[PDB]
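For reference, the structure is listed below as structure tokens.
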Amino acid sequence: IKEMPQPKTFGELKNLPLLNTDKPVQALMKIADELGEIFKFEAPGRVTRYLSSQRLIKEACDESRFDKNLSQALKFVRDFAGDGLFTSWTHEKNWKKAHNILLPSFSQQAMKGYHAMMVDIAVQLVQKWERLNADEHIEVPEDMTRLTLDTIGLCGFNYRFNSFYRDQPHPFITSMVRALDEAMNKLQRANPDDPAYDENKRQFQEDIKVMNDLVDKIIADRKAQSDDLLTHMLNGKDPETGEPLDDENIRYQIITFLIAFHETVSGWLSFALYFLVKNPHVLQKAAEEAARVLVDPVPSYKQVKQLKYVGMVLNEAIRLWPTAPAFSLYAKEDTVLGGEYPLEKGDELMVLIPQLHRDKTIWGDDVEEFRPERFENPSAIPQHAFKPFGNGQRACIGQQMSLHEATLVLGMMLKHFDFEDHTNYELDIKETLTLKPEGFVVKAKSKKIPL
Amino acid sequence: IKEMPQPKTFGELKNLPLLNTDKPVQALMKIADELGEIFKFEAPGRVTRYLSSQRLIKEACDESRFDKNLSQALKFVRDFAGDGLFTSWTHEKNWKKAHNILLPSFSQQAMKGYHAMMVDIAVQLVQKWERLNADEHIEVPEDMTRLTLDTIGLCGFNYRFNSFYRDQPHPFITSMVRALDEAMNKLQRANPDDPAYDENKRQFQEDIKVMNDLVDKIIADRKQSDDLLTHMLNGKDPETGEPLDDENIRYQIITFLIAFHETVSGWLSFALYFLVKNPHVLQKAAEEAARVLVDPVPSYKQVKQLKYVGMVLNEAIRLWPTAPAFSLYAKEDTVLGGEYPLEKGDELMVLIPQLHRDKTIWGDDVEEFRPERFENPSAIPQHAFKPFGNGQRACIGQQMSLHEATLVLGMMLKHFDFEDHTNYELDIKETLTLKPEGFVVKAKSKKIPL
Amino acid sequence: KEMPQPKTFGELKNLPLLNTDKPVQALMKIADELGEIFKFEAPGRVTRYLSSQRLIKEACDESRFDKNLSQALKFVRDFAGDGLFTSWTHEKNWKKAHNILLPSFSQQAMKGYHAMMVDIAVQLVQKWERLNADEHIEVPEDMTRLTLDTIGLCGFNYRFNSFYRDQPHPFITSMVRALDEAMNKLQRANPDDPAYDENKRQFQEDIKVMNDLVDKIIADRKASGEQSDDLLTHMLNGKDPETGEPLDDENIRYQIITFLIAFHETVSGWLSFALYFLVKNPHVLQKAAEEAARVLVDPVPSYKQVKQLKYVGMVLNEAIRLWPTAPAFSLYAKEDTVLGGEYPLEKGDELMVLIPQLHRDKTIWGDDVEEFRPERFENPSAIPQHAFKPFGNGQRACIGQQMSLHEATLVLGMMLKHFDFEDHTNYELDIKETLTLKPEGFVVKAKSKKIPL
Amino acid sequence: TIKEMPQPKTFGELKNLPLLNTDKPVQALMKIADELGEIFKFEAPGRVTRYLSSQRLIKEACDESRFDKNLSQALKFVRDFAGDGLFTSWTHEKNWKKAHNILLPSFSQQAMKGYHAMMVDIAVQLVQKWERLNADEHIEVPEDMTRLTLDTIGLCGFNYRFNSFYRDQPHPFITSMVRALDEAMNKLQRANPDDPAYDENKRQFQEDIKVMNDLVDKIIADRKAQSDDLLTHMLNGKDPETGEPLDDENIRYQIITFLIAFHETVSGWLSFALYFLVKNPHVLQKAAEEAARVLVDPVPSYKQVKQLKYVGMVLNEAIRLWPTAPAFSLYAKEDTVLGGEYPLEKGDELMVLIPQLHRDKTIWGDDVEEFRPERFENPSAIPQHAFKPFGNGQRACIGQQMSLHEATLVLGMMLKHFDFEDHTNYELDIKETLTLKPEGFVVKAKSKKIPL
Ligand code: FDE
Ligand code: FDE
Ligand code: FDE
Ligand code: FDE
């Protein structure tokens, strides 16, 4: 009872050239604004539907009708993340297995344990920024990346990257960044066999070895003893099959966590810092809460949760630019979406989170303005209207940890510094598969409080 | 005595790679934002200084200290616009000659003369928008180009480009456009002799030929009309008694054609953008238009009384002045602002968009579209607002442009309600001028007839 | 029974294999590696490349196979339309134009074109006389000026005046660029990517350029009624015996484009190649120059005299054997059939004759296939049937074979009569490939023998 | 002064630099020489040089009392990872004459007898690889010559086993070297080396030097764990004026130097010979003839390698037509006049186009392009300085005897054991790094069924 909108198609190439930007997500957003809540996007070999209104999004988040689909994006990341929690299909050996082995390791009770090491990495950042000279500035995404990676490596696997002791990035991080870019780059390749991509292929494998070799370096330090993320993997057993996780799979989970945490949380903080320096009154409300609550030289686990405004900023940043901008679904059985669009079994849907988070119908007509005050009552927001961490059983396992980190770090930054948008930086959002601000720089004057 | 800041330089290429964007002006504004009111900009074989605070620009506008310089930009334009007014040196032969011959034709008294022909073109645009079907949209920069170009050919030269009767741009307009891109592109070539730049060198001569050709049919076909073109054929220099030679005239026509259509097309487009982005201001101007434009066709008198429409235009050109910069050189040794010593011949660049963002002058809300700043146009300090250049070398076409945009904007506001149906994000395309790219709207006609 | 096929790249088949600027030569190397036949697959199409006289002989059976419009020719049809070269044998305008024009390329017709042919030829000789001592000759560039001017004057009584220019006629640059675009579409897997927008639009403008002067020439003569006895009046006045009607204006415009392109592209390459092999084989140059001197006894050559340069004709034939400027033609099986007892073909299957490789079939030419020996052709009937097909086959064979040979023989004769040629650069053969073949950096210096015209 | 020197087409401030914007610079300089003759000026943005091609001028330029070895722009770029090694050092630099006198013993004819055995080891591995191929397959000639030449210099020279024949994608070191060498050539064409577009290139290059210094600098320690080899001569030899052995970092520069120069020159050299053999079947016959007659043991003897006279002649005739290191550079020690026609300021640069020298028609006769190895039957008939494939003077190629022995040995064994088919009718295509090798050259080989 409704023909679905579709953008300009270029011959046999369908809609693919339309996402021949350096900014595909943002290109999909611009399409969403022109065609409305749902549009078909077909490329050679695949077809999908992108949804942008909460009315259709809530139905797709009905777990009896739709199951998580591996988007072409995720299908290409699977070539180095394999059977990890992020890139495994729901119905498959290790998803449920790893899911129940690892879920205890991220429940609110796990956070109390990670808190000490999180603080460690957070002081290094504060000390680095403290120790900068006057004429210097801060490269925000890079230092957030230094932070996030160091924090997961210590909390999760008790491995010290020492990112703050390095100027050129780590070999691992560069391979991870190059691998993700390649996964993205395969989306626009109309035929991946063309010889033009031979060097691109050769490097892809060279970086997969670099990561896969290095992760086993993490494994060497232990069997050759501490309440940590890795221990649960080598040591937790399935209640039905009795076994632990395979050595090959434990690998993929590590790659997954390293990639997921360091990438998603880097954008998150950077965006929060971006929005703070652009909204100085919000900064004021957030900076004062920092001083009043963070009364110790270093924070305690209990003190973090009181930062009720710092948390609101983070959520409001994540509303506007969700660092994992999309998740994919398929129909378990034949169905009708919204009484208008019939779906055959196996058809793919794409939830375009940033555009869902821009539904005026839900948020009012100031969808675009950075106002953390929307979130004082998280309970007024309808169901499936704010889904930055996915949905259902395949929802983000790393939510409670990421939020702990972001709120922790942001608090200490606001407690210890004031930040000047000394360049009048125009937001430039880089798209690998995640989103991050690119070239964001600030200067920070230390408030002269000791640690 | 104050040492001047300079951004990052790359070996023998100096600051040249920093502008290896498709957006140099915008990249320079970014540099201005990091380095402050003035910075030195070095390229291979050249040096200039970019000024951004009203403190420095006011000095540089002393016609006793500084004269108009042909920036590297304009030096490349001189290859197809030659010694026309825009691309002339002040003291060269044809400038003051041509300037004093033509000023009468851009005086306020000529406007009453052009007004009919201007209305003619504007009715065409309005009828084009009325005749769209419901599902269709409007391509704003492209239709402003049809409008601005057709307007000057009819007012100036009684030539009908018929852009509204065409879907791919006119062959003249496209070569004229491609010539501008090459002038810009020559800015970025570290060595223009490289054979990679040979296909370009060939297209360039063909485009110069295309425009030079079209003009000469207009100019020769004349040898009964009181317009810019006969003023050129008949105007006489009071010292030598002769008109401009046919070559210089050709150069004036080319100059005007591009200069008007490029700046005025961008300008109207920016106004439409800022209006759809601030609907109260659209409301007030729409209300103001409806009350004043009370006849089926607007009159010359009524256009001076679209006082709010004019304020909008002033506020848009404040934000994005479609001709974004002018250049100056020091006539003799001096110090600029007590801090920066300058040798004779040293170059200055007025970065008009950054000047219009000097919080010191405009307040702390610079980035806001508020036409009410232009209630009292006398309230604004001198040398704070330079959209039309400066001095004797200031835009000779200010009235005509202002008259044009104001007439056109008003009729659109009287005749349509406009929908930003795509939530268009501003993307400003750079030739040498500025212009929004991909700006589209939907327009529902108010069914007022013409 | 299973046919060789070169290396395939995923869903892209063999197409990346000849993403060179020189496809024919890459195909010549596939044939060298894989032999008399190999399958060449592209997205959406399949063809078989044949190189042995054994298979070509069957492929020339007009009762079994007909002329196919190769993918290449399919793209040329975008501006050569319904011209003789790009017509299907069963299309309406083919047989029509064919029976109408054949007299205009006959031998009695050549006697008529000869003088205007001579006209362009003196223009070439004088330009070469009037050069100063230091300069060289840009050989392909001057052969192009000559061949184009000759077809325009002989065919259409139109003067391009190429010798009075440095920028080629505005038209020939389009005509050349259209050919390059036609060639360029061969390697584009996705023809729709927006990157080919400047290409596809420049293309449409170049077609506008060619049609303008061709429709001007065809209209300008439909007013002066002038009885030049040339291709153009023969097209305007000749009538089809079945419909009683002459060729439509749209179709004539296509034959002109066809003839301008066909003559200028094939013959200039041909002359260029002959001259290359001559300056590279000085003993052969001597014999031809001697025959040139002995026969060209008049201030300007006469038609009877041209018949008589038997050795330059053998040179020309030996040149077109090594590098046939039009390197391939295509056929399809009119019905299901088996080729050479090993390869069954369904009706409609496409075959491609790789003429350069055919002309190197050692079992036919002997063990010295690559040496330039014009003495192979002094007994022309000794050559087996379908062993030497530089002009195609059967009813679809080149209509301009005679006209071209006359031009080349005449022109080459005069060059040898009037100059001594020096390979002052030791030019290494570098063959540019558009749709036809021609050498690229070829230059020589020529000392005038001071014989007058 | 008498004679204004020719100069090819100039592109404004970019001079004639665009003339070598091929992937085949050397071949372009030949095409220019063929039209402008025995000498021409070649200008670049920051430099000017003169190319010599006639034996007449080259005989003068090889006067060691007037000219010395210059570092061409090319060799200046190799100096970034080969540093102070013999190939990239100035004569008056402190490590040249130092390293030169300690190493001459390791390449004297006397030294060869020792290298002979390990030379054979790698030589059989190659023969075994070819023997074990199935019939439908072919031989990728440059790749297998690169495998051999590198394994031989690495084994015979430093007792390190690369084991190239046990891998299909090339060694990381060799892939890094070739990419480092490619970067050196790639710079020659950049009139803007500061431009940001070259950041990934500058990055990768810096990573590639680390790769070489990694393995090589480990090898110097890995031996301190002493036999009689090139590395031992470097670790143990003493300079008589300061009495010191070579610098630890200088040795790293020599090893890198020797690995590259050998593997790049010798592999190219063998490949070219094989091309000429399969293209000249009668020469192939006579060459396999002597091979069959002399190579009478399951393994070659040192004496026997010397007793191949025609195989050596094919080698000489191969390097004549395509000398794998095609050029060397010189500077004027003082002001002087070249050929009585061209005056030179002190410090002016000369480039010898060895391929063009080796085509000087007045010297070799008019069949200069023909592959005729019998030109080398009487080597004393060849004029002094007409045939300089190994450079000139004290700066002459130190390894020419090692190289000739390897090429003679290997080429001999190939001719004994296989018959070769140009089964694809391969057209000669020259890959240019700084050195010259042929590309995509392939043959099929039918075994003569003979054991080792
Ligand atoms: C470590 C970590 C950290 C994190 C964080 C984050 C942030 C900030 C954001 C986010 C997100 C997300 N996630 Fe996240 N995260 C993580 C993780 C993860 C994992 C493992 C996963 C998978 C799970 C399942 O489902 O199985 C996720 C998950 C996730 C999601 C979903 C996806 C789909 O496709 O559905 C989302 C949307 N994550 N996230
Ligand atoms: C027609 C026309 C129109 C116009 C418009 C306009 C607009 C809208 C804006 C503008 C601007 C300008 N201008 Fe303009 N305009 C014109 C023009 C002109 C001229 C001619 C000139 C030059 C002047 C003199 O000096 O003479 C100008 C001018 C001008 C200027 C200045 C330049 C310099 O460098 O100095 C500026 C800034 N404009 N504009
Ligand atoms: C005008 C002219 C001239 C010429 C020349 C020549 C030369 C030198 C060479 C040649 C060739 C040829 N052709 Fe040549 N030609 C011509 C033409 C022609 C035509 C029209 C054709 C088609 C035919 C029919 O079909 O009808 C030809 C044709 C021809 C051929 C065939 C085609 C196919 O596809 O088969 C060939 C191979 N052609 N050719
Ligand atoms: C081991 C080795 C091996 C070799 C080989 C060879 C071959 C096959 C060829 C050759 C070559 C040469 N080298 Fe030689 N080689 C070597 C080496 C060398 C050295 C070390 C050098 C340097 C020495 C001097 O001079 O000091 C050379 C050296 C050489 C030379 C010279 C360089 C210049 O710059 O002068 C030449 C030309 N190589 N090579």
Side-chain angles (χ1 to χ4, degrees), chain D residues 8 14 16-33 40-53 58 61 67-91 93 96 176-191 193 198 201-202 205 208-209 212 253 256-265 268 322-332 347-357 388-392 395-398 430-437:
Chain D
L14 219 33
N16 40 75
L17 182 44
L19 285 180
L20 287 11
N21 202 351
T22 37
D23 14 34
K24 300 175 168 206
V26 183
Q27 270 154 111
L29 291 161
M30 291 182 221
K31 297 160 82 298
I32 291 168
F40 63 106
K41 211 209 261 200
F42 190 95
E43 280 194 296
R47 52 192 211 259
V48 60
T49 217
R50 301 132 195 97
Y51 279 83
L52 296 47
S53 306
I58 294 305
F67 306 98
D68 181 25
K69 181 196 180 147
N70 183 34
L71 291 200
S72 53
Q73 191 59 67
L75 284 191
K76 288 190 198 260
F77 284 148
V78 206
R79 185 174 181 83
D80 295 333
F81 56 91
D84 211 348
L86 272 70
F87 215 113
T88 49
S89 43
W90 299 94
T91 304
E93 271 200 280
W96 181 76
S176 200
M177 276 179 173
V178 73
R179 200 171 51 248
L181 251 152
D182 181 39
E183 171 71 357
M185 182 179 95
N186 276 331
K187 290 184 196 180
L188 286 170
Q189 283 302 138
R190 296 174 199 170
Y198 309 130
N201 304 93
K202 215 39 187 151
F205 191 65
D208 291 338
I209 291 162
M212 293 185 224
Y253 283 135
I256 296 166
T257 289
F258 290 110
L259 293 175
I260 293 184
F262 190 113
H263 120 67
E264 281 276 334
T265 59
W322 291 112
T324 49
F328 55 105
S329 184
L330 303 160
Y331 73 101
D348 280 326
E349 309 170 28
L350 298 174
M351 202 86 210
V352 181
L353 286 98
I354 314 180
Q356 212 67 5
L357 168 76
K388 308 217 73 58
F390 296 104
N392 171 96
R395 299 314 302 268
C397 183
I398 190 171
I430 309 270
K431 184 174 81 142
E432 301 197 29
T433 94
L434 293 179
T435 47
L436 306 168
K437 299 158 307 314

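Proteins get letters first, then strands, A, B, ... in listed order; numbering begins at 1 in each.
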Could you tell me if the side chain of [Y] sits less than 4.5 Å from the side chain of [X], heavy atoms only?
| X | Y | value |
| --- | --- | --- |
| D:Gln189 | D:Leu20 | yes |
| D:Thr324 | D:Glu264 | no |
| D:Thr49 | D:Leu350 | no |
| D:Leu434 | D:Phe77 | no |
| D:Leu181 | D:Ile260 | yes |
| D:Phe81 | D:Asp208 | no |
| D:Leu86 | D:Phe258 | yes |
| D:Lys388 | D:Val352 | no |

### Query
Between the side chains of D:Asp68 and D:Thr91, is a donor N or O closer than 3.5 angstrom to an acceptor N or O?
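Short answer, yes.
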Restricting to salt bridge (charged side-chain N to carboxylate O under 4.0 Å, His left out), what partner residues turn up for [X], sequence neighbours left out?
| X | value |
| --- | --- |
| D:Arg395 | none |
| D:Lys24 | D:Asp429 |
| D:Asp80 | D:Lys187 |

### Task
Report the C-alpha separation of D:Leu19 and D:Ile32 in whole Å, then their side-chain angles, then the decisive distance to 0.1 Å, and conclude whether the side chain to side chain contact (heavy atoms under 4.5 Å, CB included) test is met.
CA-CA 9 Å; D:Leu19 285 180; D:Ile32 291 168; 4.3 Å; yes
### Residues which pass ring pair (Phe, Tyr, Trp, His ring centres under 6.0 Å) with D:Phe40, listed by chain and number, not counting sequence neighbours
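Testing D:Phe40 for ring pair (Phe, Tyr, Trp, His ring centres under 6.0 Å), a comparison that skips the adjacent residues, returns D:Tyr51.
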### Task
Can you sort out the partners of D:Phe328 under ring pair (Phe, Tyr, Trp, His ring centres under 6.0 Å), two or more places apart, ordered by chain and number?
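With sequence neighbours excluded, D:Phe328 shows a ring pair (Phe, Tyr, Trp, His ring centres under 6.0 Å) to no residue whatsoever.
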At their closest point, which heavy atom of [X] faces which heavy atom of [Y], and how far apart are they?
| X | Y | value |
| --- | --- | --- |
| D:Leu17 | D:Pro45 | CD2-CD, 3.6 Å |
| D:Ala261 | D:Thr265 | O-OG1, 2.5 Å |
| D:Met30 | D:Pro355 | CE-CB, 3.3 Å |
| D:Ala61 | D:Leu330 | O-CD1, 3.2 Å |
| D:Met212 | D:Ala180 | CE-CB, 3.4 Å |
| D:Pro389 | D:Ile354 | CA-CG2, 4.1 Å |

Nearest 0.5 Å please: distance from the [atom1] atom of [X] over to the [atom2] atom of [Y].
| X | Y | atom1 | atom2 | answer |
| --- | --- | --- | --- | --- |
| D:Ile430 | D:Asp23 | CD1 | CG | 12.5 Å |
| D:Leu71 | D:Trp90 | CG | CH2 | 4.0 Å |
| D:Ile209 | D:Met177 | CD1 | CE | 12.0 Å |

By side chain to side chain contact (heavy atoms under 4.5 Å, CB included) - contacts of [X] (at least two apart):
| X | result |
| --- | --- |
| D:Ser53 | D:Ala33, D:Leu353, D:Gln356 |
| D:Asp182 | D:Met185, D:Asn186 |
| D:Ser329 | D:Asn70, D:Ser72, D:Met351 |
| D:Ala82 | D:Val78, D:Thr88, D:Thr257 |

### Task
Start with the C-alpha gap between D:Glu183 and D:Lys202, add the side-chain angles, then the distance that decides, and say whether salt bridge (charged side-chain N to carboxylate O under 4.0 Å, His left out) holds.
CA-CA 9 Å; D:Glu183 171 71 357; D:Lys202 215 39 187 151; 5.2 Å; no
### Query
Hey, mind stepping through D:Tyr331 and D:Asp348 against side chain to side chain contact (heavy atoms under 4.5 Å, CB included) and telling me if it holds?
CA-CA 5 Å; D:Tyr331 73 101; D:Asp348 280 326; over 6 Å; no
### Message
Looking at D:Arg50 and D:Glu349, would you say the former's side chain and the latter's main chain have a donor-acceptor pair under 3.5 Å?
### Response
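Yes; judged by distance alone, with no hydrogens or angles, the pair exists.
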### Query
Counting heavy atoms not belonging to D:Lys69, are there more than 12 under 6.0 Å from its NZ?
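Yes.
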### Query
Is NZ or CZ of D:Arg190 both nearer than 6.0 Å to the six-membered ring centre of D:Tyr198 and within 45° of the ring axis?
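D:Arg190 over D:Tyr198 ring: yes.
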### Message
According to side-chain hydrogen bond (donor to acceptor under 3.5 Å, both in side chains), who are the partners of D:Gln27, at least two apart in sequence or on a separate chain?
### Response
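In terms of side-chain hydrogen bond (donor to acceptor under 3.5 Å, both in side chains), with neighbours along the sequence ignored, D:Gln27 is linked to D:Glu432.
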